[PDB]
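# Model the structure of this input:
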Amino acid sequence: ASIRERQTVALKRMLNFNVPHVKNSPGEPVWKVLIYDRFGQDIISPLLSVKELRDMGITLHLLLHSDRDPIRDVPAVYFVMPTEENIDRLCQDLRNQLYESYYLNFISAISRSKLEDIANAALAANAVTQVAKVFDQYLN
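Numbering: from 1, shown residues only. Next comes the structure:
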């Protein structure tokens, strides 16, 4: 479907988004982390798997509602829903500095109010973050 396609559009982008990262081992791919939620998995899985996740160059993929590992030396991605709870996880992971980067990706149409929370959620620790486009804003 043309719709389901747009879903992967953002994904394939974030899952490959090579952002300004430091290179320690010359001659090594770009390891990127990902953090998905109930919806995030509801979209990433249908168009991605565990073996494909690591096969694309993922350093770690876990649920915001789980024990996140400390990988400040590797860029991270947060493809989740901008829900009240999620917004709290953003400021929770942003302050912990679990990952160097935080390529955010909202499933629904977040608002300036909720957005400011995540935007500032990082400002608290000054973590490099970037809110990507949404796909489920029309479906899912």
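
# Would you mark the buried spots in stretch 86-93?
For stretch 86-93, the neighbour count (16 or more other Cβ atoms under 10 Å) marks 86-87, 89-91, 93 as buried. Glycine gets a C-beta too; all of them are placed from N, C-alpha and C.

# centre of the chain versus that stretch, how much separation?
12 Å (Cα atoms, centre = their mean, to the nearest Å).

# which residues touch residue 91?
117-118, 120-122, 124 (Cβ atoms under 8 Å, 6 or more residues apart in numbering).

# Write the PyMOL selection for whichever of those are buried.
Selecting only the buried entries of those in PyMOL, with 16+ other Cβ under 10 Å as the criterion:
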select buried, resi 117+118+121+122
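
# closest to residue 36 among the contacts of residue 91?
Nearest to residue 36, judged by Cβ to Cβ, of the contacts of residue 91 is residue 118 at 15.4 Å.

# For the residue nearest the centre of the chain, I want the exact helix or strand it lies within.
Nearest to the mean C-alpha position of the chain, by Cα atoms, centre = their mean, lies residue 78 at 1.8 Å. Take DSSP states H and E as the rule and residue 78 turns out to sit in strand 77-80.

# Just the CA trace of the helix or strand that that strand is followed by, in CSV.
Going down the chain from strand 77-80, the next helix or strand is helix 84-96, by DSSP H and E. In CSV, the C-alpha atoms belonging to helix 84-96 read as follows (Å, rounded to 0.1, in the frame of the first residue of the first chain):
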residue,chain,number,x,y,z
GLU,A,84,2.5,11.6,27.8
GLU,A,85,4.4,8.6,29.0
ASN,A,86,6.8,8.6,26.0
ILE,A,87,7.6,12.3,26.5
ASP,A,88,8.7,11.3,30.0
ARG,A,89,10.9,8.6,28.6
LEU,A,90,12.6,11.2,26.4
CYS,A,91,13.6,13.3,29.3
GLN,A,92,14.5,10.1,31.2
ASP,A,93,16.9,8.8,28.5
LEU,A,94,18.1,12.3,27.6
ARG,A,95,19.2,13.0,31.1
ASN,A,96,20.8,9.5,31.5
